[PDB]
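This report refers to the structure that appears directly beneath it.
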Amino acid sequence: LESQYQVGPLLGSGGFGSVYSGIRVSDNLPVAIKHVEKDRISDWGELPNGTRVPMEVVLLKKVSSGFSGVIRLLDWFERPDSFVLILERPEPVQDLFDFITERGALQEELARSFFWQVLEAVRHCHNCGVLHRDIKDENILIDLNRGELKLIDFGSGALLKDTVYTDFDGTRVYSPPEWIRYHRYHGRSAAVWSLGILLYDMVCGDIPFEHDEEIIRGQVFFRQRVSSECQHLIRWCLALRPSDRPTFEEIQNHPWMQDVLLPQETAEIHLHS
Ligand SMILES: NC(=O)c1cc(Cl)c2c(Cl)c(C3CC3)n(CC3CCNCC3)c2n1
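Heads up: the sequence shown is residues 34 to 306, going by the entry's author numbering.
In structure tokens form, the structure reads like this:
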């Protein structure tokens, strides 16, 4: 049926739908229960059969196998007017947006650990043929006990492909200049641009660009003291020409990314575990 789950408080609502705290009754596992109205759903996909479902379900199934820094889909249900997704829920948890709101710009050692884990999660998605298309601090959860980050909300995502994309429903201030100007981008280089925005966000406490004109110009001004190596990596991710941007391999081999803390180290030093 679907009272295999006890429903708790509303955790949040927005373009992603309505998300409730929940518990799976069979083993007390913490879950998040996400309701999405069918009419409010834009991009659709389908499973290895008829079964037309939200793209989000297709993508999560493709990445939810195995361990990773991606939130796992435990189950889903269809109702007459909506879909309901059952997702794993860290506890205690705080999204990266709220974490940055409370603590301001992050020390580089902590930003390094977080950014590294985001890179590994995004690599996993791409390796599984999934492109997220809305990487940003609001879509990243922190498991405060373990110091492990989780990517959420694949509702703007798509199957990864090597040809040009001409559709985009992600967050605009995270979208690349080629999308702003031409409404065209390729998957990896757009993702790397958003990773540059995210890294700036972490070490400066706010995003670099607010307006189309700023994104198009691509001038990065640093409002906080940031190391030259970090500045260099960020400016590389934010290269105006897509082909001038680093690959994931080049990002992880960059001098700023060396000697990352383990997740548990991160929690003990910076999240006091
Ligand atoms: N797919 C989603 O949109 C989704 C998935 C999950 Cl597992 C969660 C969880 Cl947990 C939360 C609340 C713990 C913040 N939320 C609410 C969000 C947390 C980050 N942005 C603010 C509301 C979740 N949302």
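Don't be surprised by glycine CBs; every beta carbon is placed ideally from N, CA and C.
Counting only the same chain and skipping the five closest in sequence on each side, list residues whose C-beta sits under 7 Å from that of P210. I248, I249, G251 and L273
Please report how far the alpha carbon of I104 lies from the alpha carbon of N82, in whole angstroms. 24 Å
Close-in-space but distant-in-sequence residues of the same chain around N172 (CB under 7 Å, 5 per side omitted): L184, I185 and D186
Provide the residue span of the beta strand (DSSP E) that contains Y198, from first to last. Looking at the DSSP string, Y198 is not in any beta strand (DSSP E), and its letter there is neither H nor E.
Which two residues bound the contiguous beta strand (DSSP E) that contains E124? Careful: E124 lies outside any beta strand (DSSP E) and carries neither H nor E.
Can you tell which of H265, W226 and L177 has its C-alpha closest to the C-alpha of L129? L177
If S54 sits next to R112, beta carbons under 8 Å apart, how far is it from one beta carbon to the other, in whole angstroms? Incorrect: roughly 19 Å between the Cβ atoms, too far for contact.
If I follow the unbroken beta strand (DSSP E) through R57, where does it start and stop? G50 to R57
Determine the DSSP secondary structure at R258, reduced to helix, strand or coil. coil
If we call anything under 7 Å between Cβ atoms a contact, is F132 one with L182? Not in contact: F132 and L182 (Cβ atoms no closer than 7 Å).
Here's the rule: buried if 16 or more other CB atoms are within 10 angstroms of the residue's CB, otherwise exposed. What is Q257? exposed
Whole-Å CB distance - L106 paired with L93, under 8 Å assumed: 4 Å
Report buried or exposed for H165, applying the criterion of at least 16 other Cβ atoms within 10 angstroms of its Cβ. buried
For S227, which residues does DSSP report across the bridge? In the DSSP assignment, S227 is bridged to no other residue.
Any heavy atom of ligand 1 closer than 6 Å to the beta-carbon of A65? yes
For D108, which of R136, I302, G238 and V64 has the nearest alpha-carbon? Closest in C-alpha terms to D108, from the list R136, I302, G238 and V64, comes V64.
Which same chain residues, not among the five before or five after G137, have their C-beta less than 8 Å away from its C-beta? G238
Would the C-beta of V86 count as close to ligand 1, meaning under 6 Å from any of its heavy atoms? no
Given a threshold of 16 other Cβ atoms within 10 Å of its Cβ, counted over all protein chains shown, does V155 qualify as buried or as exposed? buried
Comparing C-alpha positions only, which one of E246, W226 and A300 sits nearest to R278? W226
For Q39, which residues does DSSP report across the bridge? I56
Assigned exposure category for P87 - 16 Cβ within 10 Å defines buried: buried
Do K67 and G50 come within 7 Å of each other at the CB atom, strictly closer than that value? In terms of Cβ geometry, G50 and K67 form a close pair [threshold 7 Å].
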